[PDB]
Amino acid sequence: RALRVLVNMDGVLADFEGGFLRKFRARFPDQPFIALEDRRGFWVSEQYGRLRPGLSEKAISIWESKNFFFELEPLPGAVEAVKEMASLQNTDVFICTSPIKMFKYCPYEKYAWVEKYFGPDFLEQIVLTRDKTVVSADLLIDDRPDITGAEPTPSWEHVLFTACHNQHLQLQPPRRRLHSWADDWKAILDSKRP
(Lines of atoms letter the chains of each structure in order from A and count residues from 1; the text may use other names and numbers.)
(Lines give C-alpha, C1' and ligand atoms only; values in the text may rest on other atoms or scores of the structure.)
Protein backbone atom coordinates (compact mmCIF):
# COMPACT_ATOMS: atom_id res chain seq x y z
CA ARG A 1 0.00 0.00 0.00
CA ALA A 2 2.84 2.50 0.69
CA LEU A 3 4.80 3.34 -2.48
CA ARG A 4 8.45 2.19 -2.14
CA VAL A 5 11.19 4.05 -4.04
CA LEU A 6 14.87 3.13 -4.15
CA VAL A 7 17.11 6.03 -4.92
CA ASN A 8 20.64 5.30 -6.01
CA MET A 9 23.53 7.25 -4.47
CA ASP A 10 26.44 7.78 -6.87
CA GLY A 11 25.36 9.61 -9.99
CA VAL A 12 21.96 10.41 -8.52
CA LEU A 13 22.43 11.92 -5.06
CA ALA A 14 26.21 12.31 -4.99
CA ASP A 15 28.24 13.86 -7.79
CA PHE A 16 30.60 10.97 -8.43
CA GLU A 17 31.54 12.08 -11.98
CA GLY A 18 32.51 15.64 -11.07
CA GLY A 19 34.28 14.65 -7.88
CA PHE A 20 36.25 11.91 -9.62
CA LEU A 21 37.31 14.23 -12.52
CA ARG A 22 38.44 16.95 -10.16
CA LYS A 23 40.48 14.60 -8.02
CA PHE A 24 41.89 12.75 -11.00
CA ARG A 25 43.15 16.00 -12.59
CA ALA A 26 44.68 17.32 -9.36
CA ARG A 27 46.45 14.05 -8.61
CA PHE A 28 47.54 13.28 -12.19
CA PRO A 29 47.93 16.71 -13.88
CA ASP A 30 50.08 15.22 -16.70
CA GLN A 31 47.69 12.50 -17.79
CA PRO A 32 44.91 12.93 -20.31
CA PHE A 33 41.34 12.78 -18.96
CA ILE A 34 37.72 12.48 -20.10
CA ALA A 35 35.74 15.69 -19.97
CA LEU A 36 32.22 15.07 -18.55
CA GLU A 37 30.58 15.91 -21.91
CA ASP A 38 32.73 13.16 -23.42
CA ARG A 39 31.87 10.48 -20.85
CA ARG A 40 30.18 7.37 -22.31
CA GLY A 41 29.22 4.14 -20.53
CA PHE A 42 28.74 3.52 -16.78
CA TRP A 43 32.31 2.26 -16.27
CA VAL A 44 34.62 5.24 -15.87
CA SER A 45 37.62 2.92 -15.46
CA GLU A 46 37.00 1.18 -18.82
CA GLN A 47 36.87 4.49 -20.75
CA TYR A 48 40.04 5.76 -19.08
CA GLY A 49 41.63 2.36 -19.85
CA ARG A 50 40.80 2.66 -23.59
CA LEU A 51 42.28 6.16 -23.52
CA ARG A 52 45.80 5.02 -22.52
CA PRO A 53 47.28 1.98 -20.65
CA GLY A 54 47.74 2.20 -16.89
CA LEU A 55 44.85 4.72 -16.72
CA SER A 56 42.20 2.22 -15.50
CA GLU A 57 44.36 1.62 -12.44
CA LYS A 58 45.02 5.35 -11.88
CA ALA A 59 41.21 6.04 -12.12
CA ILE A 60 40.53 3.31 -9.57
CA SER A 61 43.08 4.75 -7.16
CA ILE A 62 41.00 7.94 -6.97
CA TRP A 63 37.85 6.33 -5.59
CA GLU A 64 39.85 3.87 -3.46
CA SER A 65 41.41 6.84 -1.62
CA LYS A 66 40.24 8.00 1.75
CA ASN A 67 37.65 10.81 1.69
CA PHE A 68 36.69 10.32 -1.89
CA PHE A 69 33.09 9.28 -1.14
CA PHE A 70 32.76 11.51 1.88
CA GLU A 71 33.72 14.67 0.01
CA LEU A 72 31.38 14.16 -2.96
CA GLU A 73 29.07 17.15 -3.45
CA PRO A 74 25.32 16.55 -3.69
CA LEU A 75 23.85 16.87 -7.19
CA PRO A 76 21.60 19.99 -7.63
CA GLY A 77 18.18 19.51 -6.07
CA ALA A 78 18.96 15.96 -4.83
CA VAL A 79 18.85 16.47 -1.07
CA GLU A 80 15.79 18.76 -1.26
CA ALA A 81 13.93 16.30 -3.50
CA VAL A 82 14.66 13.19 -1.45
CA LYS A 83 13.70 14.93 1.76
CA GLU A 84 10.39 15.99 0.20
CA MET A 85 9.88 12.57 -1.28
CA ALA A 86 10.36 10.76 2.07
CA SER A 87 7.97 13.20 3.85
CA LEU A 88 5.16 12.35 1.40
CA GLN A 89 2.29 10.29 2.72
CA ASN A 90 2.33 6.63 1.76
CA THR A 91 5.89 6.89 0.45
CA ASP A 92 8.95 5.04 1.76
CA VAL A 93 12.35 5.99 0.35
CA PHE A 94 15.47 3.86 0.60
CA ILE A 95 18.91 4.85 -0.58
CA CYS A 96 20.34 1.87 -2.51
CA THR A 97 24.04 1.94 -3.27
CA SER A 98 26.74 -0.50 -4.39
CA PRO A 99 30.05 -0.20 -2.63
CA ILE A 100 33.40 -0.70 -4.47
CA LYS A 101 35.46 -3.84 -3.95
CA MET A 102 37.90 -2.16 -1.60
CA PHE A 103 35.89 -1.71 1.56
CA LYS A 104 38.17 0.18 3.97
CA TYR A 105 36.56 3.62 3.56
CA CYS A 106 33.62 3.42 1.14
CA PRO A 107 30.83 1.88 3.34
CA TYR A 108 31.77 4.09 6.27
CA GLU A 109 31.94 7.29 4.17
CA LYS A 110 28.62 6.52 2.52
CA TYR A 111 26.92 6.27 5.91
CA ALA A 112 28.69 9.48 7.00
CA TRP A 113 27.60 11.30 3.84
CA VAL A 114 23.96 10.27 4.37
CA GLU A 115 24.16 11.42 8.01
CA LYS A 116 25.62 14.80 6.93
CA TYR A 117 22.94 15.57 4.30
CA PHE A 118 19.83 13.77 5.60
CA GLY A 119 20.39 13.41 9.31
CA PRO A 120 20.92 10.48 11.68
CA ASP A 121 17.35 9.20 11.30
CA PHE A 122 17.86 8.62 7.57
CA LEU A 123 20.61 6.03 8.19
CA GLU A 124 17.89 3.38 8.71
CA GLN A 125 16.96 3.88 5.02
CA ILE A 126 20.34 2.79 3.57
CA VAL A 127 20.68 -0.50 1.66
CA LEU A 128 24.23 -1.46 0.62
CA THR A 129 24.28 -4.16 -1.97
CA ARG A 130 26.05 -5.12 -5.16
CA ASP A 131 22.78 -6.67 -6.43
CA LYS A 132 19.85 -4.32 -6.70
CA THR A 133 17.54 -6.86 -8.32
CA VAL A 134 17.07 -8.57 -4.93
CA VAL A 135 15.77 -5.36 -3.37
CA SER A 136 11.96 -5.06 -3.89
CA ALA A 137 10.26 -1.78 -4.53
CA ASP A 138 7.93 -0.02 -6.98
CA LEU A 139 10.64 2.21 -8.40
CA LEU A 140 14.45 2.31 -8.73
CA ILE A 141 15.96 5.69 -9.76
CA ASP A 142 19.46 4.93 -10.94
CA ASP A 143 21.87 6.30 -13.57
CA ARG A 144 23.21 2.86 -14.56
CA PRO A 145 21.42 1.59 -17.72
CA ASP A 146 22.02 -2.14 -17.19
CA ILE A 147 20.81 -3.27 -13.75
CA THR A 148 21.07 -7.03 -13.45
CA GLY A 149 21.72 -9.72 -10.88
CA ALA A 150 20.20 -12.81 -9.30
CA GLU A 151 16.54 -11.87 -9.75
CA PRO A 152 15.57 -12.07 -13.46
CA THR A 153 12.26 -10.27 -12.81
CA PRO A 154 12.84 -7.34 -10.35
CA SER A 155 9.71 -5.92 -8.80
CA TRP A 156 10.75 -2.28 -9.43
CA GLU A 157 10.44 -0.20 -12.57
CA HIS A 158 13.94 1.19 -13.36
CA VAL A 159 13.77 4.94 -14.13
CA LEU A 160 17.03 6.04 -15.71
CA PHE A 161 18.48 9.12 -13.99
CA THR A 162 20.31 11.20 -16.57
CA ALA A 163 24.08 11.46 -16.30
CA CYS A 164 26.85 12.50 -18.71
CA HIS A 165 27.66 8.87 -19.44
CA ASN A 166 24.10 7.93 -20.44
CA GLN A 167 22.61 11.19 -21.77
CA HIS A 168 23.00 10.05 -25.39
CA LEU A 169 21.55 6.63 -24.90
CA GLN A 170 18.45 5.57 -26.70
CA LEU A 171 16.48 3.29 -24.33
CA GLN A 172 14.13 0.54 -25.48
CA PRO A 173 10.74 2.31 -25.56
CA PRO A 174 8.88 1.23 -22.33
CA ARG A 175 11.92 2.53 -20.36
CA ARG A 176 11.71 6.03 -18.89
CA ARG A 177 14.07 8.79 -17.59
CA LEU A 178 14.23 11.25 -14.79
CA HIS A 179 16.24 13.96 -16.35
CA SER A 180 17.46 15.72 -13.16
CA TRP A 181 15.97 16.50 -9.78
CA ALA A 182 14.41 19.66 -11.37
CA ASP A 183 12.40 17.29 -13.57
CA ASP A 184 9.00 16.15 -12.34
CA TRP A 185 9.77 13.21 -10.09
CA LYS A 186 6.41 13.58 -8.33
CA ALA A 187 4.59 12.69 -11.60
CA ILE A 188 6.69 9.57 -12.00
CA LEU A 189 5.86 8.46 -8.45
CA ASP A 190 2.15 9.23 -8.91
CA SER A 191 2.04 7.14 -12.08
CA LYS A 192 2.81 4.03 -9.93
CA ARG A 193 0.20 4.69 -7.22
CA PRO A 194 -3.27 3.02 -7.48
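One rule holds for the numbers: they count along the sequence shown, beginning at 1.
Across the two stretches, 19 to 27 and 169 to 177, the PDB entry reports the greater mean Cα temperature factor for 169 to 177. Set 156 to 164 against 37 to 45 and average the Cα temperature factors; 37 to 45 ends up higher. The deposited CA B-factor of residue 137 belongs to the middle third of values across its chain. Residue 64 sits in the lowest third of its chain by CA B factor, as recorded in the PDB entry. Among the modelled residues of its chain, residue 96 has a C-alpha B-factor that falls in the middle third according to the deposited record.
When the modelled residues of the chain are ordered by their C-alpha B factor, residue 79 lands in the middle third. Residue-level temperature factors show residue 88 in the highest third of its chain, judged at the C-alpha atom.
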